[PDB]
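Note sheet for the following structure.
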Protein chains: 2
Amino acid sequence: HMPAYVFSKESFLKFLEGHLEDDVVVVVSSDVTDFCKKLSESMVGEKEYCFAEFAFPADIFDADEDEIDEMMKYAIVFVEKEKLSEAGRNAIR
Amino acid sequence: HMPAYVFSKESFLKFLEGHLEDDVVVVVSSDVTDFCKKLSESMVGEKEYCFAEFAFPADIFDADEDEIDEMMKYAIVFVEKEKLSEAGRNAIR
């Protein structure tokens, strides 16, 4: 799995500004259909990840499945600062 | 299932601003572990949904699984206007 990307509010605005192509719209889903944690071994011992799954209707796309797969997408979580570890604090952009 | 939320760039930015109120950071993940289209059935026929699962490391949190479950989160997708259906175009804010 990928590293953690934690953003200050301003760096999160910058990140968006950088990633928003001129002619795009943003489809937003808060429809979480599953959420859980799983472990995986790495070359540096066992780790834990959260998995959050979101649903959203396909009827808004005139696009096939692999096209929607290819589209730039992100999950975002709003986390109060009291709820970070030391590691989560070290990571803040 | 919730209806689709589709925002123009400016509406999308206004929407997120409303969440950046407190001592809050934003955890962002593009680590899609699973992506597919699946049919959903009801009494009045079938509808296709996309499902997007994202992973993010747990060790950044000082929080159990139910607490991460409870935090505000969204999947967002960046879509070319020329890739929307007529209904998707319809629903822009």
Side-chain angles (χ1 to χ4, degrees), chain A residues 1-8 10-20 24-37 48-57 60 71-81 84-88 90-93, chain B residues 1-13 15-20 24-33 50 52-80 84 88 91-93:
Chain A
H1 295 111
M2 299 192 72
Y5 298 98
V6 188
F7 294 88
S8 83
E10 277 196 351
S11 307
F12 176 56
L13 295 165
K14 289 153 175 183
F15 170 76
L16 286 179
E17 159 81 344
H19 292 62
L20 286 165
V24 299
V25 285
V26 195
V27 169
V28 176
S29 157
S30 59
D31 196 6
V32 179
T33 55
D34 206 342
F35 175 96
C36 66
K37 297 219 265 205
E48 197 186 28
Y49 294 90
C50 316
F51 293 80
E53 176 184 69
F54 303 83
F56 55 89
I60 67 200
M71 287 173 197
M72 188 143 293
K73 50 185 81 72
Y74 302 91
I76 71 178
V77 184
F78 293 96
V79 185
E80 280 108 319
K81 296 199 195 114
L84 300 171
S85 64
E86 159 170 21
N90 286 329
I92 294 162
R93 279 131 199 270
Chain B
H1 286 309
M2 304 167 91
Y5 303 85
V6 176
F7 291 88
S8 68
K9 277 192 267 177
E10 268 285 311
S11 269
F12 177 59
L13 297 166
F15 180 66
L16 308 161
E17 285 162 30
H19 285 87
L20 300 171
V24 153
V25 301
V26 193
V27 175
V28 187
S29 173
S30 71
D31 190 4
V32 180
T33 49
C50 312
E53 182 178 68
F54 308 79
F56 47 106
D59 64 12
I60 61 181
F61 291 105
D62 201 328
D64 64 41
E65 189 183 350
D66 292 342
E67 295 152 43
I68 312 165
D69 212 347
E70 272 160 20
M71 290 164 196
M72 209 68 260
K73 60 169 69 61
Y74 301 96
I76 65 181
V77 184
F78 306 160
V79 202
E80 283 283 283
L84 291 178
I92 283 158
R93 310 154 174 273

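Computed from heavy atoms alone, side chains included, the values below leave out hydrogens, waters and symmetry copies. Residue numbering restarts at 1 for every chain, and letters A, B, ... go by the order of the sequence lines.
We find the CG-CG distance between B:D64 and B:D69 to be 10.0 Å, quoted to the nearest 0.5 Å. With rounding to the nearest 0.5 Å, the separation of CG in B:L16 from CZ in B:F7 is 8.0 Å. Atom SG in A:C50 sits 14.0 Å away from atom CZ in B:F54 (nearest 0.5 Å). Atom-to-atom distance recorded for B:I76:CD1 and A:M72:CE is 11.0 Å, nearest 0.5 angstrom. Atom OG1 of residue A:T33 and atom CE of residue B:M2 lie 12.5 Å apart, to the nearest 0.5 angstrom.
For B:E65, the side chain to side chain contact (heavy atoms under 4.5 Å, CB included) test picks out A:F35, A:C36, A:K37, with sequence neighbours left out. Looking at residues two or more places apart in sequence or on another chain, you find a ring-ring contact (aromatic ring centres under 6.0 Å, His included) between A:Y74 and A:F15, B:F78.
Smallest separation of non-hydrogen atoms from B:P57 and A:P3: CG-C, 4.0 Å. Residues B:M71 and B:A63 come closest through the heavy atom pair CE-CB, 4.0 Å. Taking both residues in full, the closest heavy atoms of B:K73 and A:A52 are given as CD-CB, 4.2 Å, listed atom of the first, atom of the second, then distance.
Classified by interplanar angle (parallel below 30°, tilted 30° to 60°, perpendicular above 60°), the ring pair A:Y49/A:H1 is tilted.
Formation of a donor-acceptor pair under 3.5 Å by the A:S85 side chain with backbone atoms of B:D62 is not found in this model. B:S29 places no side-chain N or O within donor-acceptor distance of the main-chain N or O of A:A75, the cut-off being under 3.5 Å.
When side chains are defined from C-beta on, A:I92 counts as touching A:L84, because their heavy atoms get closer than 4.5 Å. Using a 4.5 Å cut-off on side-chain heavy atoms (C-beta onward), A:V24 and B:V79 make no contact.
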